[PDB]
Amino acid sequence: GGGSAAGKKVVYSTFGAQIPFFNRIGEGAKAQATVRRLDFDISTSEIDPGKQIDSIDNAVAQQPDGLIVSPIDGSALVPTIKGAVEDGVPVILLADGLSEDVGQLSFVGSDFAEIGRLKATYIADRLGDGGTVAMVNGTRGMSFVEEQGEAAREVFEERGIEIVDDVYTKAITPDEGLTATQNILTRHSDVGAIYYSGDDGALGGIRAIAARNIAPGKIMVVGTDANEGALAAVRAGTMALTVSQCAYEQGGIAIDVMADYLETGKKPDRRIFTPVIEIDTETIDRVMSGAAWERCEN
């Protein structure tokens, strides 16, 4: 060979200075970029599609050897990222994808269908004999929501678990979770489990359950993100399961993919599913002191 990634200029275009998940991806990418000896910048735009587009358009005009993008919106960004590709910049999509294939080198990020099956299986293994489930989904049509949800419905079918309410909400927020859950419980107060697209939804659900004076853990609540409130709820027994999408590892993997391509010219797999880790009341402390957890979140 004799090729090298050392010195190559790569840029990561992300958004949301305040969002913990993207902050953590930036950190894992930064750390690995140092290891691979890249000239590496992160550009972080305002939470707005138009702003991310200028930021990308702009990075493309500095002729980087590679571009990594976590896209704020999967369809509005298509023309721009397609533009970067046709301009010969290898592009990796990171954590979230686009609405159509634009010739990216790869899409690195979680398998949202796998997240759904893990959650649904957890509930299926644990539910009493006539036990039933409700689903509190986030925004209708969002890939994160829909892909995990269809995977979960398939598990519930296959395991014989009746879904008594299957609702979509405005977004994944505690307030949205709380309202949806309180309505569900007025209609189906004996539900055995409630699936939430995301943790903040679930954190709202937990408050709804408690307001009804239902005992903690009598209804199994499952979410995704492994955020700090979720980890505490799982530890306390008020939530049963959450799932980490391993933001820190995602960032490292994207850098490794790009640096290996810049070094060898060999094309990577165009879809690279990144590790996810389930955290439940029984396993959380063991899991979290392990090496896989440290690679996953640092």
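In case it trips you up, residue 1 is the first one in the sequence shown, and so on.
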query	finding
Residue stretch of maximal mean CA temperature factor, 76-84 vs 161-169	76-84
Residue stretch of maximal mean CA temperature factor, 14-22 vs 280-288	14-22
From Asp200, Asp111, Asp125, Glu146, residue of greatest CA B-factor	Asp125
C-alpha B-factor winner, where the candidates are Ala233, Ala59, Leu241, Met258	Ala59
Within-chain third of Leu67 by Cα B-factor, per the entry	middle
For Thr224, the third of its chain into which the C-alpha B factor falls	lowest
CA B-factor placement of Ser55, once the chain's modelled residues are sorted into thirds	highest
Among modelled residues of the same chain, the CA temperature factor third for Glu27	middle
Ranked against its chain, the third holding the CA B-factor of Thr34	middle
